[PDB]
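The structure is given below, and queries will be raised subsequently.
Each chain carries a letter (A, B, C and D) given by its place in the written order, and its residues are counted from 1.
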Amino acid sequence: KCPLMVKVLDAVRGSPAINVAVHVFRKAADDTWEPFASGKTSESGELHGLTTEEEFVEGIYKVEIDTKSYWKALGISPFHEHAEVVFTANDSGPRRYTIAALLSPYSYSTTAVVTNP
Amino acid sequence: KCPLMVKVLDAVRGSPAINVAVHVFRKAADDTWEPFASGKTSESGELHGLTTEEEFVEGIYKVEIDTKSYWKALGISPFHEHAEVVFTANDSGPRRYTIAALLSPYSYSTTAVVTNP
Amino acid sequence: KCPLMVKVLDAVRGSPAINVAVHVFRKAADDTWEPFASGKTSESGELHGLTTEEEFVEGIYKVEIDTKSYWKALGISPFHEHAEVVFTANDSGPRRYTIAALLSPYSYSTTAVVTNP
Amino acid sequence: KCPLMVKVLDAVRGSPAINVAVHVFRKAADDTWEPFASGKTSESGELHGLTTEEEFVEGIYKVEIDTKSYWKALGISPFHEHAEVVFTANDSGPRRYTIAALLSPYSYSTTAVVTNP
């Protein structure tokens, strides 16, 4: 949406990774992971609309990209259960975050692009 | 060294990532993460001797590489709290699991190299 | 533009890589590299308008991303002279190609996203 | 093994990339690429003994990893012709150069690990 976007690419096919489930959690006061938002990537491999400026407060967030479910639906047995992307957000004020992930059956890469709006 | 090894490289300095704390967890029947093994990477960026064949049974494992503290010790501002690598140990495949992680302040990749002696 | 786009990210700063020079070559009949197109990445780290559907014929192309010039302008001494991305294009008909590159001082990654228009 | 080593991993199969042809060139005074050294990766994905301290003088070097043929031998359709790694050898820094390449059909990364004995 505005504050948090996720974009996933498939390194085997050289294509957007479509229909990839994404779960976002936020660390609570008791140090447990509270469900914060979720969704799926579109045809373009992008997931917009996860949250709002209002809801996306300071905190430690975990973005779980369900890579195994993605590869299995393509008849592939991958190594990882999911990608995890854990980071502190907005601790110097609001930012826009794009979490990019590149997927291969035994590997993935991830990159944060952080903009000041 | 044997069943499980972790190797970490620093993409900013073109070096092994030395003295990086690494924690391994095993998923418990109640879906909590139980501490399993840990250590710090060597001068060569490697962490050997985390577990044994006997101890390393099939199951879901999480490897956390404490990248934020690594970068902070170098006076470099990082994005991630840590790199996570989550996977299922399988007895069908090759016997050796090497988790390799390539670190940048706002990006990391990880690959699993699964081999036989 | 339409047929060939280049997008570059900075893994140290978690930002688009701005003002990155890009040179594209095409292998000639005599197996030498003919200059084909060039440009620079914009504020968004993207380079559009390199070529047209008419000019972008079948062939072997080389996309040179001038990473050393990029890092030097930021006071950094990197390892690589430039990224090279060499590939056969349009050998099964016209496609759209996006060449993505992620830059660190001692490392880079690249990924092709290929669409059928 | 000594001054220059090349190591290659397969991100699709989670293995060393075996029997991969690797060519090293040195830039000549007329900006042509002169063949310098070559070989094929071992069972461990490594290529040692390319050059000697005596032979490996300062200059610009290009390492070409013949990835297209690697993937074709596995019946996997690749994007790149080859992976290129271009850099300047420097006597000021550490004495050992390890070029590591992580391969996917439509993506590759490469990092330089520059160390001392």
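Convention: a residue touches a chain if its C-beta (ideal position, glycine included) is under 8 Å from a C-beta of that chain, and two chains touch if they have at least 3 such contacts.
Repeating the B-C interface with over half of its contact pairs identical by residue number, the matching pair from A-C, A-B or A-D is A-D. A count of C-beta contacts for the chain pairs B-D and C-D puts C-D on top. Centroids of chain A and chain D (each the mean of its C-alpha atoms) stand 33 Å apart. A separation of 25 Å divides the Cα centre of chain B from that of chain D.
Distance between chain C and chain D, defined via averaged C-alpha coordinates, is recorded as 20 Å.
Among the residues of chain D, those touching two or more other chains are numbered 11, 14, 79, 102, 106-107, 109, 111-114. In the complex of the two chains, the chain C residues touching chain A come out as 9, 11, 14-16, 100, 102, 109, 111-115.
Those residues of chain A that touch chain B in the shared complex are 60, 79-88, 102, 104, 106-114.
Across the interface of their complex, chain D is touched by residues 10-15, 79, 102, 104-107, 109 of chain A.
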